[PDB]
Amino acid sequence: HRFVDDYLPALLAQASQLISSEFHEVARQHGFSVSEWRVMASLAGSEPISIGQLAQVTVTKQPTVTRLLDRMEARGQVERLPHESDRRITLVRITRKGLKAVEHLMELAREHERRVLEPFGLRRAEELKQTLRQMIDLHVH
């Protein structure tokens, strides 16, 4: 028994790094940076979301997200717009061009996830996803 062997933050960080690194290699081989992939995948099939929400789901600092959106909007892959009510809030959406650019990569991402989860079986896979979702929802600001 070493402290790190069963310390939750260390376990989450290692599992996340290893799984994400595998798929990020595929994304780069398909011409996407990790940050572009995270943004487009987070916006695909979504209503417009705030910059702060996008930063949270992409685990990226908000100033970095803003600069990324500057370049992604220049390339027509995303669009920023004002919020219906509070204009201290900028919303962002994926465009059709961005969705078409990322659709095949998303199918590859689903295949990779299926391979990662297959050894665990449907019950354990769903339990993992449910626990992770509940943890996120309890700890998000």
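Numbers for residues come from their place in the sequence shown, where the first is 1.
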Item to check | Missing coords for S85 in a third or more of other PDB entries | outcome: yes
Item to check | Average Cα temperature factor in the PDB entry - higher stretch of 50-58, 74-82 | outcome: 74-82
Checklist entry - Taking only the CA atoms, which stretch has the higher mean B-factor in the record, 85-93 or 59-67? => result 85-93
Item to check | Residue with highest C-alpha B-factor in the PDB entry, from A10, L132, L18, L122 | outcome: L122
Item to check | Assigned third (lowest, middle, highest) for the C-alpha B factor of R38 | outcome: lowest
Checklist entry - Comparing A109 with the other modelled residues of its chain, is its CA B-factor in the lowest, middle or highest third? => result lowest
Checklist entry - Split the chain's modelled residues into thirds by Cα B-factor; is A101 in the lowest, middle or highest one? => result highest
